[PDB]
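Participant: Sequence unavailable; structure follows:
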Ligand SMILES: [Zn+2]
């Protein structure tokens, strides 16, 4: 550990995409998502979609978002 040449390796990009949530009001990065609600919700809130009615959670089903090409083999 020692002071060397001025910091060169810099990979800092702009930060606009960042959107302010409406439910909680946290700062997050809006990413590709299937338009469902007409409001800026952060990943955190999104999870609380309030859909899971039954106490159960998952009995052998891994919810996967649309991906390039179907799933076959
Ligand atoms: Zn939120």
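Facilitator: Done, it's in. Numbering: from 1, shown residues only.
Participant: going forward, measure contacts and count neighbours with C-alpha atoms only.
Facilitator: Fine.
Participant: now residue 45, what's its secondary structure?
Facilitator: helix (DSSP: H, G, I helix; E, B strand; the rest coil).
Participant: burial measure for it, as a count.
Facilitator: Other residues near residue 45 come to 16 when the count uses other CA atoms under 10 Å.
Participant: wait, it sits on residue 20?
Facilitator: No - judged on CA atoms under 8 Å, residue 45 makes no contact with residue 20 at a distance of 11.9 Å.
Participant: what's the residue most central in space within the chain in contact with, if anything?
Facilitator: Closest residue to the average C-alpha location of the chain: residue 43 at 4.9 Å, with CA atoms, centre = their mean. For residue 43, the contacting residues are residue 28, by CA atoms under 8 Å, 6 or more residues apart in numbering.
Participant: Please list the residues of this protein that sit near the ion.
Facilitator: 21, 23, 24, 41, 42, 45 (CA under 5 Å from the ion).
Participant: So which of the residues you listed wins on neighbours?
Facilitator: With neighbours taken as other CA under 10 Å, the top of these is residue 41, carrying 23 neighbours.
Participant: Chain neighbours aside, what residue packs nearest to it?
Facilitator: Leaving aside its chain neighbours, residue 41 sits nearest to residue 21 (4.9 Å; criterion: CA to CA, 6 or more residues apart in numbering).
Participant: from memory that neighbour sits against residue 40, does it?
Facilitator: Yes - under the criterion of CA under 8 Å, residue 21 is in contact with residue 40, at a separation of 4.9 Å.
Participant: tell me the strands in this structure, going along the chain?
Facilitator: Assigned by DSSP state E, the chain shows strands spanning 18-20, 27-29.
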